[PDB]
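S.K.: I'm passing along model-v4.json; it holds JSON, N, CA, C and O atoms.
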[["chain", "number", "residue", "atom", "x", "y", "z"],
["X", 1, "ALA", "N", -9.82, -5.77, 7.79],
["X", 1, "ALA", "CA", -8.47, -6.26, 7.62],
["X", 1, "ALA", "C", -8.07, -6.17, 6.16],
["X", 1, "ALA", "O", -8.92, -6.10, 5.28],
["X", 2, "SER", "N", -6.76, -6.18, 5.90],
["X", 2, "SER", "CA", -6.25, -6.10, 4.54],
["X", 2, "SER", "C", -6.75, -7.29, 3.73],
["X", 2, "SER", "O", -6.41, -8.44, 4.04],
["X", 3, "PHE", "N", -7.56, -7.02, 2.70],
["X", 3, "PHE", "CA", -8.10, -8.07, 1.86],
["X", 3, "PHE", "C", -8.29, -7.55, 0.45],
["X", 3, "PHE", "O", -9.17, -8.01, -0.28],
["X", 4, "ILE", "N", -7.46, -6.58, 0.05],
["X", 4, "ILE", "CA", -7.54, -5.99, -1.28],
["X", 4, "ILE", "C", -6.21, -6.15, -1.99],
["X", 4, "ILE", "O", -5.65, -7.24, -2.05],
["X", 5, "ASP", "N", -5.69, -5.04, -2.52],
["X", 5, "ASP", "CA", -4.42, -5.05, -3.23],
["X", 5, "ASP", "C", -4.24, -3.75, -3.99],
["X", 5, "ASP", "O", -5.13, -3.33, -4.72],
["X", 6, "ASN", "N", -3.08, -3.11, -3.81],
["X", 6, "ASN", "CA", -2.79, -1.86, -4.48],
["X", 6, "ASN", "C", -3.99, -0.93, -4.39],
["X", 6, "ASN", "O", -4.16, -0.04, -5.22],
["X", 7, "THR", "N", -4.84, -1.14, -3.38],
["X", 7, "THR", "CA", -6.02, -0.32, -3.19],
["X", 7, "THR", "C", -5.63, 1.01, -2.56],
["X", 7, "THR", "O", -5.91, 1.25, -1.39],
["X", 8, "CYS", "N", -4.97, 1.87, -3.34],
["X", 8, "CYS", "CA", -4.55, 3.17, -2.86],
["X", 8, "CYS", "C", -5.60, 4.21, -3.21],
["X", 8, "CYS", "O", -6.59, 3.90, -3.87],
["X", 9, "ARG", "N", -5.38, 5.45, -2.76],
["X", 9, "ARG", "CA", -6.31, 6.53, -3.02],
["X", 9, "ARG", "C", -5.56, 7.86, -3.05],
["X", 9, "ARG", "O", -6.05, 8.84, -3.61],
["X", 10, "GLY", "N", -4.38, 7.89, -2.44],
["X", 10, "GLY", "CA", -3.57, 9.09, -2.40],
["X", 10, "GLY", "C", -2.31, 8.91, -3.24],
["X", 10, "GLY", "O", -1.59, 9.87, -3.49],
["X", 11, "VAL", "N", -2.05, 7.68, -3.66],
["X", 11, "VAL", "CA", -0.89, 7.37, -4.47],
["X", 11, "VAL", "C", -0.79, 8.36, -5.62],
["X", 11, "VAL", "O", 0.23, 8.41, -6.31],
["X", 12, "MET", "N", -1.85, 9.15, -5.83],
["X", 12, "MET", "CA", -1.87, 10.13, -6.90],
["X", 12, "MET", "C", -1.26, 11.43, -6.42],
["X", 12, "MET", "O", -0.60, 12.14, -7.18],
["X", 13, "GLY", "N", -1.47, 11.76, -5.14],
["X", 13, "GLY", "CA", -0.93, 12.98, -4.57],
["X", 13, "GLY", "C", 0.45, 12.72, -3.98],
["X", 13, "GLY", "O", 1.37, 13.51, -4.19],
["X", 14, "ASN", "N", 0.59, 11.62, -3.24],
["X", 14, "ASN", "CA", 1.85, 11.27, -2.63],
["X", 14, "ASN", "C", 2.99, 11.50, -3.62],
["X", 14, "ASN", "O", 3.73, 12.47, -3.50],
["X", 15, "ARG", "N", 3.12, 10.59, -4.59],
["X", 15, "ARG", "CA", 4.16, 10.70, -5.59],
["X", 15, "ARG", "C", 5.53, 10.67, -4.92],
["X", 15, "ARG", "O", 6.54, 10.98, -5.56],
["X", 16, "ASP", "N", 5.56, 10.32, -3.64],
["X", 16, "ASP", "CA", 6.80, 10.26, -2.89],
["X", 16, "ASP", "C", 6.86, 8.96, -2.10],
["X", 16, "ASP", "O", 7.85, 8.23, -2.18],
["X", 17, "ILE", "N", 5.81, 8.66, -1.34],
["X", 17, "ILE", "CA", 5.75, 7.45, -0.55],
["X", 17, "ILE", "C", 5.79, 6.23, -1.46],
["X", 17, "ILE", "O", 6.32, 5.19, -1.09],
["X", 18, "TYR", "N", 5.23, 6.37, -2.66],
["X", 18, "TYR", "CA", 5.20, 5.28, -3.62],
["X", 18, "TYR", "C", 6.61, 5.01, -4.13],
["X", 18, "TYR", "O", 7.19, 3.97, -3.84],
["X", 19, "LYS", "N", 7.15, 5.95, -4.90],
["X", 19, "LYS", "CA", 8.49, 5.81, -5.45],
["X", 19, "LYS", "C", 9.42, 5.24, -4.40],
["X", 19, "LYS", "O", 10.23, 4.36, -4.69],
["X", 20, "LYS", "N", 9.32, 5.75, -3.17],
["X", 20, "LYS", "CA", 10.16, 5.29, -2.08],
["X", 20, "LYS", "C", 9.75, 3.88, -1.67],
["X", 20, "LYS", "O", 10.57, 2.97, -1.68],
["X", 21, "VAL", "N", 8.47, 3.70, -1.33],
["X", 21, "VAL", "CA", 7.96, 2.41, -0.92],
["X", 21, "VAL", "C", 8.41, 1.34, -1.91],
["X", 21, "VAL", "O", 9.23, 0.48, -1.58],
["X", 22, "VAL", "N", 7.89, 1.40, -3.14],
["X", 22, "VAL", "CA", 8.24, 0.45, -4.17],
["X", 22, "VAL", "C", 9.74, 0.24, -4.19],
["X", 22, "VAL", "O", 10.21, -0.88, -4.39],
["X", 23, "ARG", "N", 10.50, 1.32, -3.98],
["X", 23, "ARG", "CA", 11.95, 1.25, -3.98],
["X", 23, "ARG", "C", 12.42, 0.52, -2.73],
["X", 23, "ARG", "O", 13.46, -0.14, -2.75],
["X", 24, "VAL", "N", 11.66, 0.64, -1.64],
["X", 24, "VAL", "CA", 12.01, -0.01, -0.39],
["X", 24, "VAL", "C", 11.85, -1.52, -0.53],
["X", 24, "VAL", "O", 12.62, -2.28, 0.06],
["X", 25, "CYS", "N", 10.86, -1.95, -1.32],
["X", 25, "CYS", "CA", 10.62, -3.36, -1.54],
["X", 25, "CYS", "C", 11.76, -3.96, -2.34],
["X", 25, "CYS", "O", 12.19, -5.08, -2.06],
["X", 26, "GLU", "N", 12.25, -3.22, -3.33],
["X", 26, "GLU", "CA", 13.34, -3.69, -4.17],
["X", 26, "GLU", "C", 14.54, -4.04, -3.30],
["X", 26, "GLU", "O", 15.10, -5.13, -3.42],
["X", 27, "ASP", "N", 14.94, -3.11, -2.43],
["X", 27, "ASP", "CA", 16.07, -3.32, -1.55],
["X", 27, "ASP", "C", 15.91, -4.64, -0.82],
["X", 27, "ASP", "O", 16.76, -5.53, -0.92],
["X", 28, "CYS", "N", 14.82, -4.78, -0.06],
["X", 28, "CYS", "CA", 14.55, -5.99, 0.69],
["X", 28, "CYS", "C", 14.52, -7.19, -0.26],
["X", 28, "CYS", "O", 15.14, -8.21, 0.02],
["X", 29, "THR", "N", 13.80, -7.05, -1.37],
["X", 29, "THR", "CA", 13.70, -8.12, -2.34],
["X", 29, "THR", "C", 15.08, -8.69, -2.63],
["X", 29, "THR", "O", 15.21, -9.87, -2.96],
["X", 30, "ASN", "N", 16.11, -7.85, -2.51],
["X", 30, "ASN", "CA", 17.47, -8.27, -2.76],
["X", 30, "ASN", "C", 17.99, -9.08, -1.58],
["X", 30, "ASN", "O", 18.58, -10.14, -1.76],
["X", 31, "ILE", "N", 17.76, -8.57, -0.37],
["X", 31, "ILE", "CA", 18.20, -9.25, 0.84],
["X", 31, "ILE", "C", 17.89, -10.73, 0.74],
["X", 31, "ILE", "O", 18.77, -11.57, 0.90],
["X", 32, "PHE", "N", 16.62, -11.06, 0.49],
["X", 32, "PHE", "CA", 16.20, -12.44, 0.37],
["X", 32, "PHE", "C", 16.31, -12.90, -1.08],
["X", 32, "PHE", "O", 16.41, -14.09, -1.35],
["X", 33, "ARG", "N", 16.28, -11.94, -2.01],
["X", 33, "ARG", "CA", 16.37, -12.24, -3.42],
["X", 33, "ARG", "C", 15.16, -13.06, -3.86],
["X", 33, "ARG", "O", 15.24, -13.83, -4.80],
["X", 34, "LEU", "N", 14.03, -12.87, -3.16],
["X", 34, "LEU", "CA", 12.81, -13.58, -3.48],
["X", 34, "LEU", "C", 11.92, -12.71, -4.35],
["X", 34, "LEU", "O", 11.72, -11.53, -4.06],
["X", 35, "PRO", "N", 11.38, -13.30, -5.43],
["X", 35, "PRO", "CA", 10.51, -12.63, -6.37],
["X", 35, "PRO", "C", 9.15, -12.40, -5.73],
["X", 35, "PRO", "O", 8.48, -11.41, -6.03],
["X", 36, "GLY", "N", 8.74, -13.31, -4.84],
["X", 36, "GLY", "CA", 7.46, -13.20, -4.17],
["X", 36, "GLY", "C", 7.62, -12.44, -2.86],
["X", 36, "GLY", "O", 7.34, -12.97, -1.79],
["X", 37, "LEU", "N", 8.07, -11.18, -2.96],
["X", 37, "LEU", "CA", 8.26, -10.35, -1.78],
["X", 37, "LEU", "C", 8.01, -8.89, -2.14],
["X", 37, "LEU", "O", 7.18, -8.23, -1.51],
["X", 38, "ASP", "N", 8.73, -8.39, -3.15],
["X", 38, "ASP", "CA", 8.58, -7.01, -3.58],
["X", 38, "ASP", "C", 7.10, -6.65, -3.63],
["X", 38, "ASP", "O", 6.70, -5.61, -3.11],
["X", 39, "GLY", "N", 6.29, -7.50, -4.26],
["X", 39, "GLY", "CA", 4.87, -7.26, -4.37],
["X", 39, "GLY", "C", 4.27, -7.00, -3.00],
["X", 39, "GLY", "O", 3.79, -5.90, -2.72],
["X", 40, "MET", "N", 4.29, -8.02, -2.14],
["X", 40, "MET", "CA", 3.75, -7.90, -0.80],
["X", 40, "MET", "C", 4.12, -6.55, -0.21],
["X", 40, "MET", "O", 3.25, -5.79, 0.22],
["X", 41, "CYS", "N", 5.42, -6.25, -0.19],
["X", 41, "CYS", "CA", 5.91, -4.99, 0.35],
["X", 41, "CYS", "C", 5.02, -3.85, -0.12],
["X", 41, "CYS", "O", 4.46, -3.11, 0.69],
["X", 42, "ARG", "N", 4.89, -3.70, -1.45],
["X", 42, "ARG", "CA", 4.08, -2.65, -2.02],
["X", 42, "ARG", "C", 2.87, -3.26, -2.72],
["X", 42, "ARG", "O", 2.57, -2.91, -3.86],
["X", 43, "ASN", "N", 2.18, -4.18, -2.04],
["X", 43, "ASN", "CA", 1.02, -4.83, -2.60],
["X", 43, "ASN", "C", -0.24, -4.04, -2.25],
["X", 43, "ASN", "O", -0.57, -3.08, -2.93],
["X", 44, "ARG", "N", -0.93, -4.46, -1.19],
["X", 44, "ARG", "CA", -2.14, -3.79, -0.76],
["X", 44, "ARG", "C", -1.82, -2.35, -0.38],
["X", 44, "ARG", "O", -1.79, -2.01, 0.80],
["X", 45, "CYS", "N", -1.60, -1.50, -1.39],
["X", 45, "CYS", "CA", -1.29, -0.10, -1.16],
["X", 45, "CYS", "C", -0.22, 0.02, -0.08],
["X", 45, "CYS", "O", -0.14, 1.04, 0.60],
["X", 46, "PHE", "N", 0.59, -1.03, 0.07],
["X", 46, "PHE", "CA", 1.65, -1.03, 1.07],
["X", 46, "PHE", "C", 1.05, -1.09, 2.46],
["X", 46, "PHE", "O", 1.65, -0.62, 3.42],
["X", 47, "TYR", "N", -0.15, -1.66, 2.57],
["X", 47, "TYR", "CA", -0.83, -1.77, 3.85],
["X", 47, "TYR", "C", -0.95, -3.24, 4.24],
["X", 47, "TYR", "O", -1.97, -3.87, 3.98],
["X", 48, "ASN", "N", 0.09, -3.77, 4.88],
["X", 48, "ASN", "CA", 0.10, -5.15, 5.30],
["X", 48, "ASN", "C", 1.36, -5.44, 6.11],
["X", 48, "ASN", "O", 1.82, -6.58, 6.16],
["X", 49, "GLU", "N", 1.90, -4.41, 6.75],
["X", 49, "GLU", "CA", 3.10, -4.55, 7.56],
["X", 49, "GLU", "C", 4.25, -5.04, 6.69],
["X", 49, "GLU", "O", 5.41, -4.98, 7.10],
["X", 50, "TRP", "N", 3.93, -5.53, 5.49],
["X", 50, "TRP", "CA", 4.94, -6.02, 4.58],
["X", 50, "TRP", "C", 6.05, -4.99, 4.42],
["X", 50, "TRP", "O", 7.06, -5.25, 3.77],
["X", 51, "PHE", "N", 5.85, -3.81, 5.02],
["X", 51, "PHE", "CA", 6.84, -2.75, 4.95],
["X", 51, "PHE", "C", 7.94, -2.99, 5.97],
["X", 51, "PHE", "O", 9.12, -2.82, 5.66],
["X", 52, "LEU", "N", 7.56, -3.41, 7.18],
["X", 52, "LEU", "CA", 8.52, -3.68, 8.23],
["X", 52, "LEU", "C", 9.41, -4.84, 7.83],
["X", 52, "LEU", "O", 10.60, -4.86, 8.15],
["X", 53, "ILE", "N", 8.84, -5.82, 7.12],
["X", 53, "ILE", "CA", 9.58, -6.98, 6.68],
["X", 53, "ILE", "C", 10.76, -6.54, 5.82],
["X", 53, "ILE", "O", 11.89, -6.96, 6.05],
["X", 54, "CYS", "N", 10.49, -5.70, 4.82],
["X", 54, "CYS", "CA", 11.52, -5.21, 3.93],
["X", 54, "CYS", "C", 12.38, -4.18, 4.65],
["X", 54, "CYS", "O", 13.60, -4.20, 4.53],
["X", 55, "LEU", "N", 11.73, -3.29, 5.41],
["X", 55, "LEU", "CA", 12.44, -2.26, 6.15],
["X", 55, "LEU", "C", 13.42, -2.90, 7.12],
["X", 55, "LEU", "O", 14.42, -2.29, 7.50],
["X", 56, "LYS", "N", 13.13, -4.14, 7.53],
["X", 56, "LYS", "CA", 13.98, -4.86, 8.45],
["X", 56, "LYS", "C", 15.24, -5.34, 7.74],
["X", 56, "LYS", "O", 16.34, -5.20, 8.25],
["X", 57, "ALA", "N", 15.06, -5.90, 6.54],
["X", 57, "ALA", "CA", 16.18, -6.40, 5.76],
["X", 57, "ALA", "C", 17.19, -5.29, 5.54],
["X", 57, "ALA", "O", 18.28, -5.53, 5.03],
["X", 58, "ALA", "N", 16.82, -4.06, 5.92],
["X", 58, "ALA", "CA", 17.69, -2.92, 5.76],
["X", 58, "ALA", "C", 18.13, -2.41, 7.13],
["X", 58, "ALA", "O", 18.75, -1.35, 7.23],
["X", 59, "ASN", "N", 17.81, -3.17, 8.18],
["X", 59, "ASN", "CA", 18.17, -2.79, 9.53],
["X", 59, "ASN", "C", 17.43, -1.53, 9.93],
["X", 59, "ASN", "O", 17.23, -1.27, 11.12],
["X", 60, "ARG", "N", 17.02, -0.73, 8.94],
["X", 60, "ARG", "CA", 16.30, 0.50, 9.19],
["X", 60, "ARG", "C", 15.25, 0.27, 10.27],
["X", 60, "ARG", "O", 15.39, 0.75, 11.39],
["X", 61, "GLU", "N", 14.18, -0.46, 9.92],
["X", 61, "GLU", "CA", 13.12, -0.75, 10.86],
["X", 61, "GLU", "C", 12.95, 0.41, 11.83],
["X", 61, "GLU", "O", 12.83, 0.21, 13.04],
["X", 62, "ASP", "N", 12.96, 1.64, 11.30],
["X", 62, "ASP", "CA", 12.81, 2.82, 12.12],
["X", 62, "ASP", "C", 11.94, 3.84, 11.40],
["X", 62, "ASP", "O", 11.14, 4.54, 12.03],
["X", 63, "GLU", "N", 12.10, 3.94, 10.08],
["X", 63, "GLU", "CA", 11.33, 4.87, 9.28],
["X", 63, "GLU", "C", 9.93, 4.33, 9.05],
["X", 63, "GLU", "O", 9.16, 4.89, 8.27],
["X", 64, "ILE", "N", 9.60, 3.22, 9.73],
["X", 64, "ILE", "CA", 8.30, 2.60, 9.60],
["X", 64, "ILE", "C", 7.24, 3.51, 10.21],
["X", 64, "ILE", "O", 6.12, 3.60, 9.69],
["X", 65, "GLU", "N", 7.58, 4.18, 11.31],
["X", 65, "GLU", "CA", 6.66, 5.07, 11.98],
["X", 65, "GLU", "C", 6.12, 6.10, 10.99],
["X", 65, "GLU", "O", 4.91, 6.24, 10.82],
["X", 66, "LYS", "N", 7.03, 6.83, 10.34],
["X", 66, "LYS", "CA", 6.65, 7.84, 9.37],
["X", 66, "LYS", "C", 6.09, 7.18, 8.12],
["X", 66, "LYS", "O", 5.18, 7.70, 7.49],
["X", 67, "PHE", "N", 6.65, 6.02, 7.76],
["X", 67, "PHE", "CA", 6.22, 5.29, 6.59],
["X", 67, "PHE", "C", 4.81, 4.75, 6.81],
["X", 67, "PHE", "O", 4.07, 4.51, 5.86],
["X", 68, "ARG", "N", 4.45, 4.55, 8.08],
["X", 68, "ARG", "CA", 3.14, 4.03, 8.42],
["X", 68, "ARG", "C", 2.08, 5.09, 8.16],
["X", 68, "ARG", "O", 1.18, 4.89, 7.35],
["X", 69, "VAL", "N", 2.19, 6.23, 8.86],
["X", 69, "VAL", "CA", 1.25, 7.32, 8.70],
["X", 69, "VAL", "C", 1.07, 7.64, 7.22],
["X", 69, "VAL", "O", 0.00, 8.07, 6.80],
["X", 70, "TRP", "N", 2.14, 7.44, 6.44],
["X", 70, "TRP", "CA", 2.09, 7.71, 5.01],
["X", 70, "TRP", "C", 1.10, 6.78, 4.34],
["X", 70, "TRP", "O", 0.16, 7.23, 3.68],
["X", 71, "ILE", "N", 1.30, 5.47, 4.50],
["X", 71, "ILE", "CA", 0.43, 4.47, 3.91],
["X", 71, "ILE", "C", -1.02, 4.81, 4.24],
["X", 71, "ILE", "O", -1.93, 4.43, 3.50],
["X", 72, "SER", "N", -1.24, 5.52, 5.34],
["X", 72, "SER", "CA", -2.57, 5.91, 5.76],
["X", 72, "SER", "C", -3.05, 7.09, 4.93],
["X", 72, "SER", "O", -4.24, 7.21, 4.64],
["X", 73, "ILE", "N", -2.12, 7.96, 4.54],
["X", 73, "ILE", "CA", -2.45, 9.13, 3.74],
["X", 73, "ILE", "C", -3.03, 8.69, 2.40],
["X", 73, "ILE", "O", -4.05, 9.21, 1.97],
["X", 74, "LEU", "N", -2.36, 7.73, 1.75],
["X", 74, "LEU", "CA", -2.81, 7.23, 0.47],
["X", 74, "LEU", "C", -4.24, 6.72, 0.58],
["X", 74, "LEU", "O", -4.94, 6.59, -0.42],
["X", 75, "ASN", "N", -4.68, 6.43, 1.81],
["X", 75, "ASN", "CA", -6.02, 5.94, 2.05],
["X", 75, "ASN", "C", -6.96, 7.10, 2.28],
["X", 75, "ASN", "O", -8.10, 6.91, 2.72],
["X", 76, "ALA", "N", -6.50, 8.32, 1.98],
["X", 76, "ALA", "CA", -7.30, 9.51, 2.16],
["X", 76, "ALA", "C", -8.71, 9.26, 1.65],
["X", 76, "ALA", "O", -9.63, 9.04, 2.43],
["X", 77, "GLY", "N", -8.88, 9.30, 0.32],
["X", 77, "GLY", "CA", -10.18, 9.08, -0.28],
["X", 77, "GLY", "C", -10.69, 7.69, 0.05],
["X", 77, "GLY", "O", -11.89, 7.48, 0.23],
["X", 78, "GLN", "N", -9.77, 6.72, 0.13],
["X", 78, "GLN", "CA", -10.12, 5.35, 0.44],
["X", 78, "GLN", "C", -10.64, 5.26, 1.87],
["X", 78, "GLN", "O", -11.18, 4.23, 2.27]]
Can you give me the file's structure in the form of structure tokens?
M.R.:
Amino acid sequence: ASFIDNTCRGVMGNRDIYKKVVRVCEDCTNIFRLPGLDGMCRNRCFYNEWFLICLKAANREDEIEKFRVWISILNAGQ
């Protein structure tokens, strides 16, 4: 289970899921305007469903499927 943090491995190759992810947290962070949220969103290498939480604040809650497999890519070496 998720018990690490920013424990990525592909965040070096991705260079896309990150910029987007981290950016996805910002958006949501605004919805609630909570400082203790952005992190979670892109905390444990973005592996904690914390993505759906923010993705929801954007009604999107759809790009999670593709955003999910992505978070898994960063776990390549990991």
S.K.: With distances taken over only C-alpha atoms, which residue among X:78, X:72, X:29, X:6 lies nearest residue 56 (chain X)?
M.R.: X:29
S.K.: Considering only C-alpha atoms, state which residue in the set X:34, X:54, X:48, X:1 is at the smallest distance from residue 22 (chain X).
M.R.: X:54
S.K.: What separation in Å, quoted to one decimal, exists between CA of residue 7 (chain X) and CA of residue 59 (chain X)?
M.R.: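 Answer for the CA of residue 7 (chain X) to CA of residue 59 (chain X) separation: 27.4 Å.
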S.K.: Please report, as AutoDock Vina command-line options, the centre and edge lengths in Å to one decimal of an axis-aligned box covering all listed atoms of region 62-68 of chain X with 6 Å per side.
M.R.:
--center_x 7.1 --center_y 4.7 --center_z 9.0 --size_x 23.8 --size_y 18.2 --size_z 18.3
S.K.: Within 12 Å of residue 63 (chain X), counting only C-alpha atoms, which residues show up once you throw out same-chain ones fewer than 6 positions away? Write them as an MDAnalysis selection string, please.
M.R.: chainID X and resid 17 20:21 24 51:52 54:56 69:70
S.K.: From (-5.7, -9.6, 2.7), in the file's coordinates, out to 8 Å: which residues are reached, counting only N, CA, C and O atoms? Answer as a compact mmCIF listing (two decimals) with N, CA, C and O atoms, in the frame of the given file.
M.R.:
# COMPACT_ATOMS: atom_id res chain seq x y z
N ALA X 1 -9.82 -5.77 7.79
CA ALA X 1 -8.47 -6.26 7.62
C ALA X 1 -8.07 -6.17 6.16
O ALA X 1 -8.92 -6.10 5.28
N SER X 2 -6.76 -6.18 5.90
CA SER X 2 -6.25 -6.10 4.54
C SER X 2 -6.75 -7.29 3.73
O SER X 2 -6.41 -8.44 4.04
N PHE X 3 -7.56 -7.02 2.70
CA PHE X 3 -8.10 -8.07 1.86
C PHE X 3 -8.29 -7.55 0.45
O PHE X 3 -9.17 -8.01 -0.28
N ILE X 4 -7.46 -6.58 0.05
CA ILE X 4 -7.54 -5.99 -1.28
C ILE X 4 -6.21 -6.15 -1.99
O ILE X 4 -5.65 -7.24 -2.05
N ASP X 5 -5.69 -5.04 -2.52
CA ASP X 5 -4.42 -5.05 -3.23
C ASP X 5 -4.24 -3.75 -3.99
O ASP X 5 -5.13 -3.33 -4.72
N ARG X 44 -0.93 -4.46 -1.19
CA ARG X 44 -2.14 -3.79 -0.76
C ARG X 44 -1.82 -2.35 -0.38
O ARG X 44 -1.79 -2.01 0.80
N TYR X 47 -0.15 -1.66 2.57
CA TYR X 47 -0.83 -1.77 3.85
C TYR X 47 -0.95 -3.24 4.24
O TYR X 47 -1.97 -3.87 3.98
N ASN X 48 0.09 -3.77 4.88
CA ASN X 48 0.10 -5.15 5.30
C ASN X 48 1.36 -5.44 6.11
O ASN X 48 1.82 -6.58 6.16
S.K.: Find the distance between CA of residue 40 (chain X) and CA of residue 23 (chain X) and write it in Å to one decimal.
M.R.: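 Atom-to-atom, CA of residue 40 (chain X) to CA of residue 23 (chain X), that is 12.7 Å.
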S.K.: List as a ChimeraX atom specification the protein and nucleic acid residues near residue 11 (chain X), meaning an atom at most 9 Å away when only C-alpha atoms are counted, but skip any in the same chain fewer than 5 places from it.
M.R.: /X:16-18,45,71,73-75
S.K.: Please, what distance in Å, to one decimal, runs between CA of residue 27 (chain X) and CA of residue 77 (chain X)?
M.R.: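 Separation between CA of residue 27 (chain X) and CA of residue 77 (chain X): 29.1 Å.
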S.K.: Using all atoms listed in the file, find the one residue out of X:38, X:58, X:50, X:76 that sits nearest to residue 9 (chain X).
M.R.: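 Among the listed residues, the smallest separation from residue 9 (chain X) belongs to X:76.
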S.K.: DSSP on the backbone: which residues in chain X end up as helix (DSSP H, G or I)? Give the answer as number ranges by chain.
M.R.: X: 17-33, 35-41, 50-56, 64-73
S.K.: Which of these residues is nearest to residue 43 (chain X), using only C-alpha atoms: X:62, X:31, X:8, X:19?
M.R.: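 Counting only C-alpha atoms, the residue closest to residue 43 (chain X) is X:8.
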